[PDB]
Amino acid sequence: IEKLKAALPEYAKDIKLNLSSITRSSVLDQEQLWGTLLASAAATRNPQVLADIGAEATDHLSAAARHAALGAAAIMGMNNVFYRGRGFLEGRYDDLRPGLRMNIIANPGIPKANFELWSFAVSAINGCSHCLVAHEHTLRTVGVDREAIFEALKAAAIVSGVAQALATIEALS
């Protein structure tokens, strides 16, 4: 995290500070937080951010957790596009079966509660209402507090700000 920070431009000071703050979350535990940071990092599609965050994630997440986080980003990459599209068509295509395989959601290799949090986070970044609302409800049914879900949204947003800030200077170097 210390690397990304110094790498951020001066006009992105707000982002730099928010990043230092999110890494100190007290509402989310180690796996939840770093799993959200890793998934989000992947979802920004920024290679630099993913490399930096993923690196320090090795000291906070297990192999299974890591794969699940990246897998969450990948599977939502598909789901977020499909459901959002069907959503825009005002239920006119709900009678049809999506026929999309997504076993990872049922068996992520770790507690589904965490997988759901990471999927919620990626859905905010990609912008799919159907999915974000679906995963939010699921998290609330398993006992996750709104404050915890809210913290995931903040981390996703912050990582998104980081990726944008970095991609900029990187291209203008």
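The first residue of the shown sequence is 1; numbering continues from there.
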* **Greater mean Cα temperature factor according to the PDB record, 152-160 or 13-21** => 13-21
* To do: Report the stretch with the higher mean CA temperature factor, choosing between 23-31 and 42-50 on the basis of the entry.
  => 23-31
* Structure fact -> Highest CA B factor of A64, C131, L70, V122, as deposited, is found at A64
* Ordered by C-alpha B-factor within the chain, which third holds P111? Give me lowest, middle or highest, please. => highest
* Structure fact -> Here the Cα B-factor of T58, set against its chain, lands in the third termed highest
* Asked: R101's Cα B-factor: lowest, middle or highest third of the chain?
  -> middle
